[PDB]
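**Q** Using only what follows, build the 3D model:
(4 chains, ligands or ions: 1)
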Amino acid sequence: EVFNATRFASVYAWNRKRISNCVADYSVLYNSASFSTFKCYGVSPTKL
Amino acid sequence: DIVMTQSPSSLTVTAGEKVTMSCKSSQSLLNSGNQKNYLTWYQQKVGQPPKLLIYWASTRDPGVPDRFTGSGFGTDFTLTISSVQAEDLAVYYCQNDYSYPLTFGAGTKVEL
Amino acid sequence: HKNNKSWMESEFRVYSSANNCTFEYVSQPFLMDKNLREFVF
Amino acid sequence: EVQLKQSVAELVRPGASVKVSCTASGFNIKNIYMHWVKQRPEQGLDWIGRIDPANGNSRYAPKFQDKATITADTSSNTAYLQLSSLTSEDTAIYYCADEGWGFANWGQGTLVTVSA
Ligand SMILES: *[C@@H]1O[C@H](CO)[C@@H](O)[C@H](O)[C@H]1NC(C)=O
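**A** Numbers count the residues shown, from 1 in each chain, chains lettered A, B, ... in the order given. For reference, the structure is listed below:
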């Protein structure tokens, strides 16, 4: 829903959300082909 | 095991001139879901290890990002540079990533 | 509230400050529905 | 930022074993299954193999199978590369990796030199 948000937050007023007590599924992120730059710093994308 | 052949000979070019180099990739590197090819370019000078010039076959890495955009469906890849500078005087490596057994290319030398 | 005909909770006056929030949990009520209610914490 | 400071190259003898340790800063190895790569001088660079911190189950290139064994340390922010039956061809530069879309950060370079 963060990725599907119709109107994203402004670049200066970037929305910060703390998420926990759930299961993070990164498989859908890999499956989606819309992403152009998926650079990861300090962590392997595969081991997410 | 994929045989990766780059441009064999060095391409002497004048400063600020376009270069046409390409490495042919077999096995037609493609992945389900994401259409981005799993071949990543590299930029290696003489003295320090190589660094990612392009990954996903089209993604400008931060730092000296003068084009390097490549148009390829998997069988062929291109890393043309419009203008070559001091940082562009290096050897470029194209490496496959979709196949688990991966090997790098021979290398292409470009100088001003 | 006149429309609801009940004492509806207007606002959270329990704490003056809520700095460094770390955890939150929500579940079905258990304190509602003469009958003894026992709890161990 | 993030840097890979592998151990400085040391002289080795033929028929012996060498352990090369790569250190990382800014994160931990636990989320990084670093690759290992050697660059043969005046020759096309080649990939050695892959390891994992937990359940390493290392897989190497067919040319380096049963020859280059690499182990990953759970702690100390280090990983060790072991070699055996080193020859003159084995004298090459080695680098580390961050197993991104490409090998994001490489080692400074180690010349594993076999001589007398
Ligand atoms: C929402 O974004 C995700 C990206 O992870 C994408 O896979 C999904 O298709 C998007 N939803 C819709 C309805 O497009």
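**Q** Bridging across strands, which residues link to the residue nearest to residue B:54 when sequence neighbours are not counted?
**A** If the residues on either side of it in the chain are set aside, residue B:54 comes closest to residue B:41, at 3.8 Å by CB to CB, 6 or more residues apart in numbering or on different chains. In this view, the C-beta of every residue, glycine as well, is placed from N, C-alpha and C. On the basis of DSSP bridges, residue B:41 is bridged to residue B:54, residue B:94.
**Q** how much space between residue B:41 and residue B:95?
**A** Using CB to CB, to the nearest Å, one gets 8 Å for the distance from residue B:41 to residue B:95.
**Q** cool, residue D:89 as well?
**A** The value you get for residue D:89 to residue B:95, if CB to CB is used, is 21 Å.
**Q** Give me every residue in chain A lying close to chain B.
**A** If contacts are counted using CB under 8 Å from any CB of the partner chain, the residues of chain A sitting beside chain B are A:30, A:31, A:32, A:33, A:35, A:36, A:37, A:38, A:39.
**Q** The fourth one: neighbour count?
**A** A count of neighbours around residue A:33, defined by other CB atoms under 10 Å in any protein chain shown, yields 12.
**Q** Any residues of chain B in contact with chain A? List them.
**A** Counting by CB under 8 Å from any CB, chain B comes close to chain A at B:33, B:34, B:35, B:36, B:56, B:58, B:59, B:61.
**Q** wait, doesn't the first one sit right on residue A:35?
**A** No: the pair formed by residue B:33 and residue A:35 falls short of the contact definition of CB atoms under 8 Å, at 10.8 Å.
**Q** quick one: contacts for whichever residue of chain D sits closest to chain A?
**A** When distances are taken as CB to the nearest CB, chain D reaches nearest to chain A at residue D:27, 4.1 Å away. When contacts are counted by CB atoms under 8 Å, 6 or more residues apart in numbering or on different chains, residue D:27 is found next to A:42, A:43, D:2.
**Q** give the contact list for the residue nearest to residue B:54.
**A** Contacts for residue B:41 were tallied using CB under 8 Å, 6+ apart; they are B:52, B:53, B:54, B:55, B:57, B:68, B:70, B:77, B:79, B:92, B:93, B:94.
**Q** Could you measure from the fourth one over to residue A:35?
**A** Right, the one you point to is residue B:55. When CB to CB is the yardstick, residue B:55 and residue A:35 sit 12 Å from each other.
**Q** neighbour count winner among those two?
**A** Just comparing residue B:55 and residue A:35: by other CB under 10 Å the higher neighbour count belongs to residue B:55, 26 against 13.
**Q** Bridge partners for the residue nearest in space to the middle of chain D, pull those for me.
**A** Among the residues of chain D, the one closest to the centroid is residue D:36, at 3.8 Å (CA atoms, centre = their mean). When assigned by DSSP bridges, residue D:36 has beta-bridge partners residue D:49.
**Q** Am I right that it is in contact with residue D:70?
**A** Yes: shown here, residue D:36 and residue D:70 form a contact pair, counting by CB under 8 Å, at 5.5 Å.
**Q** what is in contact with those two at once?
**A** Overlap between the contact sets of residue D:36 and residue D:70, as judged by CB under 8 Å, 6+ apart, is given by D:48, D:49, D:51, D:81.
**Q** looking at those, which has the most residues close by?
**A** Ranked by neighbour count (other CB under 10 Å), the shared contacts of residue D:36 and residue D:70 have residue D:81 at the top, with 26 neighbours.
**Q** State whether that residue is indeed within a helix.
**A** No: counting by DSSP: H, G, I helix; E, B strand; the rest coil, residue D:81 is not found in a helix; it is strand.
**Q** I'd like to know how far it sits from residue B:84.
**A** The value you get for residue D:81 to residue B:84, if CB to CB is used, is 36 Å.
**Q** Please enumerate the helices of the chain.
**A** In the absence of a named chain, chain A is used. A:27-31 (DSSP state H).
**Q** Next, count neighbours for the closest residue to the ligand within chain C.
**A** Ranked by CB to the nearest ligand atom, the top residue of chain C for proximity to the ligand is residue C:24, at 24.4 Å. Using other CB under 10 Å, residue C:24 has 8 other residues around it.
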